[PDB]
Amino acid sequence: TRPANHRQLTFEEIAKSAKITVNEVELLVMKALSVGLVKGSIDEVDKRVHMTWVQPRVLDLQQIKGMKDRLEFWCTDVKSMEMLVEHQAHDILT
Amino acid sequence: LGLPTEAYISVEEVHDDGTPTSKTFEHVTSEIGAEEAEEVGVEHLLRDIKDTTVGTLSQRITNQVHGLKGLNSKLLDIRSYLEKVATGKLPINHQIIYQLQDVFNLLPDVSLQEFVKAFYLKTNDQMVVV
Amino acid sequence: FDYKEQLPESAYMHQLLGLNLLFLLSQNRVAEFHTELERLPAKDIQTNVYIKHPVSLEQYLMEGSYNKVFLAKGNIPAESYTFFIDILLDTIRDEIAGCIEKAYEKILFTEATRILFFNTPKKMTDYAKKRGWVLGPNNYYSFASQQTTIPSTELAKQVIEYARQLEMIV
């Protein structure tokens with residue numbers, strides 16, 4: 001669920017999630033990484049976990065509508081940057 | 001945007017998905033290559049409308065613009081497929097959804113401070129060379 | 001200033017010249033004030049009192065002795081220099097407020113009252129009801145704490161400009 005912008009999960013977040021105090025979220029994340037569910041690292045000095053992957057699974061129609069919305073945004077950004085570059089460099093495009 | 005050839009291999013296997021299985025095609029990676037004796041003919045036929053086999057700044061900028069065009073077209077195709085599958089016209093293809101999930105996992109984070117600093121450092125190096 | 005030679009000297013002139021200079025101080029038009037000073041004779045700025053007083057007031061203000069410029073209210077060469085001192089008081093308080101703006105992180109109510117001369121303490125909310133830097137009188141007023149992204153579009157604009165200038169035939 002967390003987007004790549006702020007995929008820095010926190011020990012307190014994982015505590016408010018599946019019920020465990022913050023002294024074994026470390027072990028839980030270790031188990032996840034070892035099994036291969038997720039990838040990344042755990043900065044326990046700052047008490048947060050960096051996730052750079054997730055094992056994909058099967059989704060719901062609403063979970064795909066969310067992906068559709070995210071695409072809509074991405075397409076809009078790409079089109080805007082395309083128009084900007086094309087207009088700016090119009091006089092040198094071959 | 002793409003090559004004129006699409007390749008398909010007929011695979012019929014019990015879907016680990018657990019869904020009814022039907023003998024259908026599966027996409028195969030395709031490419032265009034040429035013998036040397038075909039490269040000579042191709043180049044001769046294209047001699048009049050050929051591009052330079054070197055990166056001239058105008059052509060490199062044009063290539064970047066074409067890259068943006070291709071990326072936009074591919075994103076539009078994916079969005080249209082997502083529209084159709086969401087509304088219900090098409091069924092949910094699990095491999096498609098897996099690949100899209102992996103793509104969104106693979107999107108970078110460009111607002112990270114440690115990345116912004118390195119980016120400015122490299123931009124300044126390139127600009128001093130320029 | 002125009003017909004100096006033909007017209008005779010106006011003894012009742014420097015009073016008004018200083019009055020205009022003080023008005024310029026009050027309106028905070030320092031550039032016009034200094035142009036007027038430059039127009040004026042060099043000797044008069046020191047010999048005379050009518051011109052020297054506005055000059056001294058601006059000197060104190062631009063030196064930063066706000067206490068001194070306040071204390072210099074009494075020495076009015078003539079009664080005409082009245083209500084311009086009051087507009088100047090308003091301008092001085094505005095300048096002090098600007099100092100508090102650009103500096104003085106995290107200021108308090110009592111020191112603000114002492115420094116930025118407000119009216120009676122029951123009216124201490126003045127300039128917070130009007131200038132109102134979203135003060136947020138959190139007892140201490142916090143100064144409302146009043147005071148990382150790549151501009152990729154702008155940088156791409158510049159780089160495309162370089163490419164254009166390199167690739168144009170000229």
# chains A, B, ... in the order shown; residues from 1 in each chain; ligands from 1
$ closest_atom_pairs --of "stretch 40-65 of chain A" --to "stretch 103-117 of chain B" --cutoff "9 Å" --atoms "only C-alpha atoms" --output "CSV"
residue,atom,partner,partner_atom,distance
A:52,CA,B:105,CA,7.1
A:53,CA,B:105,CA,5.8
A:54,CA,B:105,CA,7.1
$ interface_residues --of "chain A" --to "chain B" --cutoff "9 Å" --atoms "only C-alpha atoms" --output "VMD selection string"
chain A and resid 3 to 6 52 to 62 64 to 65 67 to 69 71 to 72 74 to 76 78 to 79 81 to 82 85 to 86 89 92 to 94
$ write_last_selection --atoms "C-alpha atoms" --output "CSV table (one decimal), in the first residue's frame"
chain,number,residue,atom,x,y,z
A,3,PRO,CA,4.0,4.4,-2.2
A,4,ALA,CA,7.7,4.5,-3.1
A,5,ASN,CA,7.7,8.2,-1.9
A,6,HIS,CA,7.5,7.3,1.8
A,52,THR,CA,12.4,-1.6,-1.8
A,53,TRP,CA,10.2,-4.5,-3.0
A,54,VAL,CA,7.2,-6.7,-2.2
A,55,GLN,CA,6.3,-10.1,-3.6
A,56,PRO,CA,3.4,-9.3,-5.9
A,57,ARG,CA,0.1,-11.1,-5.4
A,58,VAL,CA,-3.4,-11.2,-6.8
A,59,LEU,CA,-5.6,-8.2,-6.3
A,60,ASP,CA,-9.1,-6.9,-6.3
A,61,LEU,CA,-11.0,-4.7,-8.7
A,62,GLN,CA,-10.7,-1.7,-6.3
A,64,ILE,CA,-6.7,-2.2,-9.7
A,65,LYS,CA,-8.8,1.0,-9.8
A,67,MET,CA,-3.5,1.5,-10.0
A,68,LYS,CA,-5.6,3.0,-12.8
A,69,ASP,CA,-5.7,6.3,-10.9
A,71,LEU,CA,-1.4,5.5,-14.0
A,72,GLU,CA,-3.7,8.4,-15.0
A,74,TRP,CA,1.7,9.2,-14.4
A,75,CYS,CA,0.4,9.6,-18.0
A,76,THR,CA,-0.5,13.2,-17.3
A,78,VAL,CA,4.6,12.2,-19.0
A,79,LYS,CA,2.4,14.1,-21.5
A,81,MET,CA,6.9,16.8,-19.9
A,82,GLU,CA,6.7,15.6,-23.5
A,85,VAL,CA,10.4,19.3,-24.4
A,86,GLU,CA,8.9,19.2,-27.9
A,89,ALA,CA,13.3,22.1,-28.8
A,92,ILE,CA,16.2,21.6,-33.6
A,93,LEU,CA,14.1,18.4,-33.8
A,94,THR,CA,15.1,16.4,-36.9
$ interface_residues --of "chain C" --to "chain A" --cutoff "10 Å" --atoms "only C-alpha atoms" --output "ChimeraX atom specification"
/C:152-153,156-161,163-168
$ write_last_selection --atoms "C-alpha atoms" --output "PDB file, in the first residue's frame"
ATOM      1  CA  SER C 152      13.978  19.618 -13.441  1.00  0.00           C
ATOM      2  CA  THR C 153      11.679  21.539 -15.787  1.00  0.00           C
ATOM      3  CA  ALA C 156      15.751  21.052 -18.924  1.00  0.00           C
ATOM      4  CA  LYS C 157      14.680  24.407 -20.353  1.00  0.00           C
ATOM      5  CA  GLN C 158      18.211  25.733 -19.872  1.00  0.00           C
ATOM      6  CA  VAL C 159      19.844  22.636 -21.354  1.00  0.00           C
ATOM      7  CA  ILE C 160      17.552  22.686 -24.385  1.00  0.00           C
ATOM      8  CA  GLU C 161      18.479  26.347 -24.793  1.00  0.00           C
ATOM      9  CA  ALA C 163      21.452  22.679 -27.438  1.00  0.00           C
ATOM     10  CA  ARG C 164      19.469  25.155 -29.537  1.00  0.00           C
ATOM     11  CA  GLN C 165      22.268  27.721 -29.497  1.00  0.00           C
ATOM     12  CA  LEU C 166      24.794  25.024 -30.412  1.00  0.00           C
ATOM     13  CA  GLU C 167      22.733  23.537 -33.252  1.00  0.00           C
ATOM     14  CA  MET C 168      21.401  26.707 -34.894  1.00  0.00           C
TER      15      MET C 168
END
$ closest_residue --among "C:162, C:33, C:133, C:1" --to "chain B" --atoms "only C-alpha atoms"
C:162
$ select_by_dssp --residues "chain B" --states "strand (DSSP E)" --output "list in words"
residues 7, 8, 9, 10, 11, 24, 25, 26, 27 and 28 of chain B
$ closest_residue --among "C:12, C:58, C:89, C:106" --to "residue C:143" --atoms "only C-alpha atoms"
C:106
$ residues_around --residues "residue A:27" --least-positions-apart "5" --cutoff "12 Å" --atoms "only C-alpha atoms" --output "MDAnalysis selection string"
chainID A and resid 11 14 20:22 32:34 42 44 49
$ residues_around --residues "residue B:27" --least-positions-apart "3" --cutoff "9 Å" --atoms "only C-alpha atoms" --output "list in words"
residues 6, 7, 8, 9, 10 and 30 of chain B
$ select_by_dssp --residues "chain C" --states "alpha helix (DSSP H)" --output "ChimeraX atom specification"
/C:14-27,30-39,44-47,52-63,66-71,84-102,109-115,152-167
$ closest_residue --among "C:142, C:17, C:25, C:118" --to "residue C:105" --atoms "only C-alpha atoms"
C:142
$ residues_around --residues "residue C:116" --least-positions-apart "4" --cutoff "10 Å" --atoms "only C-alpha atoms" --output "compact mmCIF listing (two decimals) with N, CA, C and O atoms, in the first residue's frame"
# COMPACT_ATOMS: atom_id res chain seq x y z
N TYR C 66 16.76 53.85 17.39
CA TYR C 66 15.33 54.14 17.47
C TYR C 66 15.00 54.88 18.76
O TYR C 66 14.14 55.76 18.79
N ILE C 92 8.29 54.32 11.98
CA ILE C 92 9.32 53.72 12.82
C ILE C 92 8.83 52.39 13.38
O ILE C 92 9.57 51.40 13.41
N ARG C 93 7.58 52.36 13.85
CA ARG C 93 7.04 51.11 14.37
C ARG C 93 6.94 50.07 13.27
O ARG C 93 7.19 48.88 13.50
N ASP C 94 6.59 50.49 12.05
CA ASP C 94 6.57 49.56 10.93
C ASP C 94 7.96 49.01 10.64
O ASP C 94 8.12 47.82 10.35
N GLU C 95 8.99 49.86 10.69
CA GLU C 95 10.35 49.39 10.46
C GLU C 95 10.79 48.41 11.54
O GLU C 95 11.41 47.39 11.24
N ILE C 96 10.48 48.71 12.80
CA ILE C 96 10.78 47.78 13.88
C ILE C 96 10.07 46.46 13.64
O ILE C 96 10.64 45.38 13.85
N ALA C 97 8.82 46.51 13.20
CA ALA C 97 8.09 45.30 12.87
C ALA C 97 8.78 44.53 11.75
O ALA C 97 8.80 43.29 11.76
N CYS C 99 12.02 44.53 11.19
CA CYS C 99 13.16 43.88 11.83
C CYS C 99 12.72 42.60 12.54
O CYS C 99 13.36 41.55 12.39
N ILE C 100 11.63 42.67 13.30
CA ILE C 100 11.09 41.48 13.94
C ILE C 100 10.73 40.43 12.90
O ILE C 100 10.86 39.22 13.15
N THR C 110 6.24 40.38 26.32
CA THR C 110 6.72 41.49 27.14
C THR C 110 7.89 42.21 26.47
O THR C 110 7.93 43.44 26.43
N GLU C 111 8.86 41.45 25.95
CA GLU C 111 9.98 42.08 25.26
C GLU C 111 9.51 42.75 23.97
O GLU C 111 10.03 43.81 23.60
N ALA C 112 8.54 42.15 23.27
CA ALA C 112 7.98 42.80 22.10
C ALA C 112 7.32 44.12 22.46
O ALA C 112 7.45 45.11 21.74
N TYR C 127 -1.14 45.81 16.09
CA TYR C 127 -0.16 45.29 15.14
C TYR C 127 -0.21 43.77 15.06
O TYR C 127 0.26 43.19 14.08
$ residues_around --residues "residue C:60" --least-positions-apart "2" --cutoff "12 Å" --atoms "only C-alpha atoms" --output "number ranges by chain"
C: 25, 53-58, 62-73, 92
$ atom_distance --atom1 "atom CA of residue A:70" --atom2 "atom CA of residue A:2"
12.7 Å
$ residues_around --residues "stretch 20-23 of chain C" --least-positions-apart "6" --cutoff "12 Å" --atoms "only C-alpha atoms" --output "mmCIF file with N, CA and C atoms, in the first residue's frame"
data_model
loop_
_atom_site.group_PDB
_atom_site.id
_atom_site.type_symbol
_atom_site.label_atom_id
_atom_site.label_comp_id
_atom_site.auth_asym_id
_atom_site.auth_seq_id
_atom_site.Cartn_x
_atom_site.Cartn_y
_atom_site.Cartn_z
ATOM 1 N N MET C 13 11.970 79.919 3.702
ATOM 2 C CA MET C 13 12.115 78.805 2.771
ATOM 3 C C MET C 13 12.619 77.538 3.440
ATOM 4 N N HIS C 14 13.712 77.632 4.199
ATOM 5 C CA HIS C 14 14.326 76.433 4.753
ATOM 6 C C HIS C 14 13.387 75.718 5.710
ATOM 7 N N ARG C 29 10.002 57.551 2.030
ATOM 8 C CA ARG C 29 10.580 57.708 0.696
ATOM 9 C C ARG C 29 12.013 58.209 0.859
ATOM 10 N N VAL C 30 12.896 57.287 1.244
ATOM 11 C CA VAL C 30 14.269 57.662 1.564
ATOM 12 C C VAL C 30 15.010 58.110 0.311
ATOM 13 N N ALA C 31 14.740 57.469 -0.827
ATOM 14 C CA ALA C 31 15.405 57.863 -2.063
ATOM 15 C C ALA C 31 15.084 59.311 -2.415
ATOM 16 N N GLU C 32 13.801 59.673 -2.365
ATOM 17 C CA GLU C 32 13.418 61.055 -2.629
ATOM 18 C C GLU C 32 13.991 61.989 -1.575
ATOM 19 N N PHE C 33 14.027 61.544 -0.317
ATOM 20 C CA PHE C 33 14.627 62.359 0.733
ATOM 21 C C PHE C 33 16.069 62.708 0.395
ATOM 22 N N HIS C 34 16.844 61.714 -0.031
ATOM 23 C CA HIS C 34 18.255 61.959 -0.305
ATOM 24 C C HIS C 34 18.454 62.744 -1.593
ATOM 25 N N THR C 35 17.580 62.563 -2.585
ATOM 26 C CA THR C 35 17.650 63.427 -3.760
ATOM 27 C C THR C 35 17.386 64.877 -3.380
ATOM 28 N N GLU C 36 16.405 65.109 -2.504
ATOM 29 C CA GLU C 36 16.142 66.462 -2.029
ATOM 30 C C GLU C 36 17.347 67.024 -1.286
ATOM 31 N N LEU C 37 17.973 66.209 -0.434
ATOM 32 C CA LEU C 37 19.174 66.665 0.256
ATOM 33 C C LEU C 37 20.260 67.047 -0.739
ATOM 34 N N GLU C 38 20.453 66.227 -1.771
ATOM 35 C CA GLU C 38 21.476 66.527 -2.765
ATOM 36 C C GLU C 38 21.157 67.822 -3.496
ATOM 37 N N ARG C 39 19.875 68.059 -3.779
ATOM 38 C CA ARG C 39 19.474 69.327 -4.379
ATOM 39 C C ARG C 39 19.814 70.494 -3.463
ATOM 40 N N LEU C 40 19.613 70.321 -2.158
ATOM 41 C CA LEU C 40 19.856 71.403 -1.218
ATOM 42 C C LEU C 40 21.338 71.775 -1.196
ATOM 43 N N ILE C 45 22.894 72.178 5.209
ATOM 44 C CA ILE C 45 22.609 70.952 5.952
ATOM 45 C C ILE C 45 23.225 70.993 7.342
ATOM 46 N N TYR C 50 16.563 74.166 10.571
ATOM 47 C CA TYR C 50 15.334 73.668 9.963
ATOM 48 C C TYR C 50 15.607 72.460 9.079
ATOM 49 N N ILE C 51 16.675 72.511 8.284
ATOM 50 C CA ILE C 51 17.030 71.372 7.447
ATOM 51 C C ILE C 51 17.789 70.332 8.255
ATOM 52 N N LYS C 52 18.646 70.780 9.173
ATOM 53 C CA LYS C 52 19.502 69.852 9.901
ATOM 54 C C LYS C 52 18.687 68.893 10.756
ATOM 55 N N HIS C 53 17.581 69.363 11.334
ATOM 56 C CA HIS C 53 16.793 68.479 12.191
ATOM 57 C C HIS C 53 16.242 67.277 11.439
ATOM 58 N N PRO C 54 15.554 67.426 10.302
ATOM 59 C CA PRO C 54 15.172 66.223 9.544
ATOM 60 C C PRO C 54 16.367 65.385 9.136
ATOM 61 N N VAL C 55 17.480 66.034 8.792
ATOM 62 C CA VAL C 55 18.691 65.298 8.445
ATOM 63 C C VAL C 55 19.152 64.467 9.633
ATOM 64 N N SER C 56 19.157 65.066 10.824
ATOM 65 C CA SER C 56 19.564 64.333 12.018
ATOM 66 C C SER C 56 18.598 63.197 12.327
ATOM 67 N N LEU C 57 17.299 63.426 12.136
ATOM 68 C CA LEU C 57 16.318 62.378 12.389
ATOM 69 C C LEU C 57 16.549 61.189 11.468
ATOM 70 N N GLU C 58 16.762 61.457 10.179
ATOM 71 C CA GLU C 58 17.041 60.369 9.251
ATOM 72 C C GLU C 58 18.371 59.706 9.575
ATOM 73 N N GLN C 59 19.351 60.488 10.029
ATOM 74 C CA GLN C 59 20.636 59.914 10.401
ATOM 75 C C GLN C 59 20.476 58.939 11.558
ATOM 76 N N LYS C 73 12.037 63.748 19.475
ATOM 77 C CA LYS C 73 10.744 64.376 19.229
ATOM 78 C C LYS C 73 10.730 65.819 19.718
ATOM 79 N N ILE C 76 11.856 70.312 18.019
ATOM 80 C CA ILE C 76 11.151 70.682 16.798
ATOM 81 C C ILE C 76 11.494 72.139 16.495
ATOM 82 N N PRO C 77 12.242 72.429 15.424
ATOM 83 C CA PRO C 77 12.618 73.830 15.174
ATOM 84 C C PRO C 77 11.424 74.762 15.087
ATOM 85 N N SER C 80 5.439 73.740 12.838
ATOM 86 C CA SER C 80 4.963 73.134 11.600
ATOM 87 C C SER C 80 5.338 71.662 11.518
ATOM 88 N N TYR C 81 6.470 71.277 12.106
ATOM 89 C CA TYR C 81 6.923 69.888 12.080
ATOM 90 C C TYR C 81 6.127 69.060 13.092
ATOM 91 N N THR C 82 4.816 69.015 12.874
ATOM 92 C CA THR C 82 3.898 68.317 13.760
ATOM 93 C C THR C 82 2.967 67.443 12.936
ATOM 94 N N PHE C 83 2.635 66.275 13.488
ATOM 95 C CA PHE C 83 1.824 65.244 12.844
ATOM 96 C C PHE C 83 2.610 64.546 11.738
ATOM 97 N N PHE C 84 3.687 65.183 11.278
ATOM 98 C CA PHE C 84 4.687 64.463 10.510
ATOM 99 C C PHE C 84 5.547 63.622 11.432
ATOM 100 N N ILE C 85 5.811 64.118 12.642
ATOM 101 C CA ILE C 85 6.468 63.299 13.651
ATOM 102 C C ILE C 85 5.610 62.090 13.985
ATOM 103 N N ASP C 86 4.284 62.238 13.953
ATOM 104 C CA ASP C 86 3.413 61.109 14.269
ATOM 105 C C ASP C 86 3.377 60.090 13.133
ATOM 106 N N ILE C 87 3.296 60.555 11.884
ATOM 107 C CA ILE C 87 3.413 59.613 10.774
ATOM 108 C C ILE C 87 4.779 58.935 10.816
ATOM 109 N N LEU C 88 5.814 59.679 11.212
ATOM 110 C CA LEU C 88 7.144 59.099 11.360
ATOM 111 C C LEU C 88 7.169 58.060 12.470
ATOM 112 N N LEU C 89 6.423 58.295 13.548
ATOM 113 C CA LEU C 89 6.301 57.295 14.601
ATOM 114 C C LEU C 89 5.688 56.014 14.058
ATOM 115 N N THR C 91 5.781 55.012 10.956
ATOM 116 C CA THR C 91 6.769 54.408 10.067
ATOM 117 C C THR C 91 7.875 53.718 10.858
#
$ closest_residue --among "C:26, C:148, C:10, C:155" --to "chain B" --atoms "only C-alpha atoms"
C:148
